[PDB]
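Let me begin by presenting the structure, written as structure tokens, before commenting on it.
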Amino acid sequence: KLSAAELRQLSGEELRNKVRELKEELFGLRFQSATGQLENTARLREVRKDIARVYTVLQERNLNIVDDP
RNA sequence: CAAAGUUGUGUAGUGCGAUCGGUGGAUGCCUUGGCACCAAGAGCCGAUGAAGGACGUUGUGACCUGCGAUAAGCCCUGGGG
Ligand SMILES: [Mg+2]
């Protein structure tokens with residue numbers, strides 16, 4: 001899974017929790033990469049892409065491009 | 001055999017020719033680059049912060065191109081497969 005437009009079915013607070021969880025996962029991945037672990041390197045970019053998606057949804061809600069749930 | 005006389009000279013090197021190579025990158029044939037134009041556009045950008053940059057950004061060392069900590073990319077829409 002890589003997240004998609006179903007993030008628009010979530011609420012603001014749980015989307016922000018999603019942001020925090022994604023940031024923590026990226027932190028762990030970066031530490032693994034530094035320490036020599038993390039064979040799965042593509043996730044290291046996909047997590048940042050997911051953060052971008054969640055910020056996209058939040059900003060469209062904030063700017064009223066899409067009606068806020 | 002002696003006497004008198006004649007002629008000859010490449011083991012150092014060199015010249016010329018032929019031949020076989022080396023160096024060199026001319027020539028010929030090209031080209032992801034230029035040059036001069038034609039036709040149609042567009043003729044402004046900027047405090048909603050420009051022109052141009054610095055630094056950063058990739059699974060990984062650099063540089064170029066793109067991008068800006070949402071960082072060779074995020075979303076919507078249409079096309080295409
Ligand atoms: Mg003209």
Side-chain angles (χ1 to χ4, degrees):
Chain A
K1 198 52 76 187
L2 73 164
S3 301
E6 72 273 50
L7 288 166
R8 274 177 264 268
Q9 303 315 311
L10 300 189
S11 73
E13 61 86 20
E14 65 183 1
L15 274 176
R16 283 178 278 266
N17 295 351
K18 182 62 65 68
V19 167
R20 292 180 179 91
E21 182 65 26
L22 285 164
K23 294 267 205 71
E24 183 178 1
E25 158 174 10
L26 172 62
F27 173 89
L29 290 196
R30 278 192 312 222
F31 262 56
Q32 272 160 66
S33 168
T35 57
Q37 285 70 61
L38 188 153
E39 293 83 3
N40 186 7
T41 65
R43 184 85 198 112
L44 185 62
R45 192 73 190 80
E46 292 296 328
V47 54
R48 273 158 56 212
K49 293 182 183 293
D50 304 339
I51 297 172
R53 283 183 252 276
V54 189
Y55 283 164
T56 303
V57 172
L58 268 297
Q59 183 62 75
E60 87 199 5
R61 281 185 191 179
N62 189 359
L63 274 162
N64 295 120
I65 305 309
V66 178
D67 272 331
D68 165 271

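Just so we're on the same page: letters track the sequence lines, and every chain starts at 1.
Pucker annotation for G52(B) reads north, on the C3'-endo side, since its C1'-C2'-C3'-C4' dihedral is above zero. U48(B) has a negative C1'-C2'-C3'-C4' torsion, placing its sugar in the south range. Nucleotide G46(B) shows a positive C1'-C2'-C3'-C4' value and thus a north, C3'-endo-like sugar. The furanose ring of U32(B) falls on the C2'-endo (south) side of the pseudorotation cycle, as its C1'-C2'-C3'-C4' torsion is below zero. In terms of the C1'-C2'-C3'-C4' torsion, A26(B) has a north-puckered sugar. The angle is above zero.
The heavy-atom pair separating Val47(A) from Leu22(A) by the smallest distance is CG2-O, 3.3 Å. Shortest non-hydrogen contact noted between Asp50(A) and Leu2(A) is OD1-O, 2.7 Å. Here the closest non-hydrogen pair linking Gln37(A) and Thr35(A) is OE1-OG1, 2.6 Å.
Taking atom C1' on both nucleotides, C67(B) is separated from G53(B) by 15 Å, rounded to a whole Å. Here the separation of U65(B) from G56(B), taken at their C1' atoms, is 16 Å to the nearest Å. One P atom belongs to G25(B), the other to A12(B), and the distance between them is 37 Å to the nearest Å. When the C1' atom is used for both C75(B) and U70(B), the distance is 11 Å, rounded to whole Å. Here the separation of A39(B) from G33(B), taken at their P atoms, is 25 Å to the nearest Å. Nucleotides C30(B) and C45(B), compared at atom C1', are 44 Å apart to the nearest Å. For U48(B) and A54(B), the P atoms lie 27 Å apart once the distance is rounded to whole Å. Between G73(B) and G66(B), the two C1' atoms lie 9 Å apart (nearest whole Å).
Under the 5.5 Å centre and 30° plane thresholds, the six-membered base rings of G43(B) and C44(B) are judged not to be stacked. Between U60(B) and its strand neighbour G61(B) the base rings do not stack, failing centres under 5.5 Å or planes under 30°. The six-membered rings of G5(B) and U6(B) are stacked by the 5.5 Å centre and 30° plane criterion. Under the 5.5 Å centre and 30° plane thresholds, the six-membered base rings of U9(B) and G10(B) are judged not to be stacked.
For the pair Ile51(A) CD1 and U57(B) P, the computed distance is 16 Å after rounding to whole Å. Put simply, CD on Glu46(A) is 9 Å from P on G59(B), counting in whole angstrom units. Distance, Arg61(A) CZ to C75(B) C1': 13 Å, rounded to whole Å. Here the P atom of nucleotide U58(B) and the NZ atom of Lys49(A) are 11 Å apart, to the nearest Å. Summarising the geometry, the separation between CG on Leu15(A) and P on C75(B) is reported as 14 Å, rounded to the nearest angstrom. To the nearest angstrom, P of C75(B) lies 19 Å from CG of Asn62(A). A straight line from NZ of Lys18(A) to P of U70(B) spans 17 Å, rounded to a whole angstrom. Atom P of nucleotide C76(B) and atom CG of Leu7(A) are separated by 10 Å, given to the nearest angstrom.
Between the side chain of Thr56(A) and the backbone N or O of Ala52(A), at least one donor-acceptor pair lies under 3.5 Å. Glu14(A) places a side-chain N or O within 3.5 Å of a backbone atom of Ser11(A) that can act as its donor or acceptor partner. Checked by atom type and distance alone, the side chain of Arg61(A) pairs as donor or acceptor with a backbone atom of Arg8(A) at under 3.5 Å.
Regarding the sugar-base torsion, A40(B) falls in the anti class, its angle being beyond 90° of 0. In this entry the base of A72(B) is syn relative to its sugar, with a glycosidic angle within 90° of 0. By the rule that a glycosidic angle within 90° of 0 means syn, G28(B) does not qualify and counts as anti. In this structure, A47(B) is classed as syn because its glycosidic torsion stays within 90° of zero.
Across the interface with RNA chain B, nearest-nucleotide mapping of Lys23(A) and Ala42(A) shows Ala42(A) to be the residue nearer the 5′ end. For the pair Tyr55(A) and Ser3(A), nearest-nucleotide mapping onto RNA chain B gives the more 5' position to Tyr55(A).
One finds no side-chain N or O of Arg48(A) lying less than 4.0 angstrom from the OP1 or OP2 phosphate oxygen of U70(B).
Grouping the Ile, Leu, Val, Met, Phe, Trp and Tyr side chains by contacts below 4.5 angstrom, directly or via other members, places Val57(A) with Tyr55(A). Linking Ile, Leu, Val, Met, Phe, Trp and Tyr residues whenever their side-chain heavy atoms come within less than 4.5 Å leaves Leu7(A) and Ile65(A) in two separate clusters. Neither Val66(A) nor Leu10(A) shares a network with the other; the hydrophobic side chains, linked directly or stepwise wherever heavy atoms of I, L, V, M, F, W or Y lie under 4.5 Å apart, form separate groups for each.
For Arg8(A), the listed nucleotide lying nearest its side chain is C76(B); candidates were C74(B), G59(B), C76(B). Out of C76(B), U58(B), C74(B), the shortest distance to the side chain of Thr56(A) is found at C74(B). The side chain of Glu60(A) sits closest to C75(B) out of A71(B), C75(B), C74(B).
Of the charged side-chain nitrogens involved, none lies within less than 4.0 Å of a carboxylate oxygen, so that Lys1(A) and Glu46(A) do not count as a salt-bridged pair.
Base pairing in RNA chain B yields stems of at least 3 consecutive Watson-Crick or G-U pairs, both distances under 3.5 Å, namely B:55-57 with B:66-68.
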